[PDB]
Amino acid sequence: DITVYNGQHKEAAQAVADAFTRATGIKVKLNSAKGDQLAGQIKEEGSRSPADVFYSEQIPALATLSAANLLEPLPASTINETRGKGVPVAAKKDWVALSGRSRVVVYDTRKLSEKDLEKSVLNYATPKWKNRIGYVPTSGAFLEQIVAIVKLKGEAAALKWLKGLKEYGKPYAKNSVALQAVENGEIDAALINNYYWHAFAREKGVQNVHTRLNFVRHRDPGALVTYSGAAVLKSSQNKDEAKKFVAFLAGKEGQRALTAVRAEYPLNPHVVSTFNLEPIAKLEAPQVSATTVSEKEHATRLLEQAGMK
């Protein structure tokens, strides 16, 4: 019936495809890769691509496929489903945002409480946090964070943050490696994404975990939410059933099914997650424009300037 190109978590995607099929009876086959490569691969088959729907963890990928006249404009009702202040809107109305995932601080509740954390993510790059703040200089989510500080605060502020993390902080190879470092009692705190912790708590049993999360809010760069979205390709030979799916994904049903398996924040406001997430608006994420190639470029330079790459 339909084929979706999936740059999102397979378990997530499958949950949503299964929920869709059950509800309409329409079959869904998934092509799972990193969004970047699926946007790329779509471009090259132009309008003979087998993709009906592009299910992206990355809005920038939705934007390349849009600037390239490859995406089908969606009903207002669909787009309207996840509208909220702060929510990215397609200028052309040819993709829709679905959920977000946030920057957080995980901390060791055996030695730190909320009163101990900082009001700004920028404040961690200092002697006070010497040997007490971990980071993942190699992660994409870290690179997003750098992008957002340059857009919010300018270039020197970003570079200054990174040099102070480099002198004081402690690097880890993976976000999961660092999480386990706080849980293991090796450092007080670490900058990660939220879903790693929720997944871990859900598997272990929260009474058995000694870490908790801090959200900075206050429109701080550290309150950064990264959004996922979806679009239907203008080449689809299944456009009514492809549009149906995207509507599903934006709808109540689609959204509860998502947030049954994944700790992403629903953009649909009627949806309560199975995870202990506040409403996204309460995160008070900063307004930030889409990340471009140049920006990631800019940021990677900054990383190499600070001594990280």
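Residue numbers here begin at 1 and follow the sequence given.
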Query raised in the report: Averaged over C-alpha atoms, is the B-factor higher for 40-48 or for 253-261 in this PDB entry?
Result: 40-48
Query raised in the report: Hey, which bit's got the bigger mean C-alpha B factor in the entry, 103-111 or 84-92?
Result: 84-92
**Report entry** Per the PDB entry, maximal CA B factor within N184, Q207, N175, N194
**Finding:** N184
Query raised in the report: Among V246, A68, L277, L283, which carries the highest Cα B-factor?
Result: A68
**Report entry** Among modelled residues of the same chain, the CA temperature factor third for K163
**Finding:** middle
Report summary line: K151: CA B-factor among chain residues, third -> lowest
Query raised in the report: Lowest, middle or highest third of the chain for the C-alpha temperature factor of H298?
Result: lowest
**Report entry** Chain third (lowest, middle, highest) by recorded CA B-factor, residue given as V53
**Finding:** middle
Report task. Give the position of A189 by CA B-factor within its chain, expressed as the lowest, middle or highest third. Result -> middle
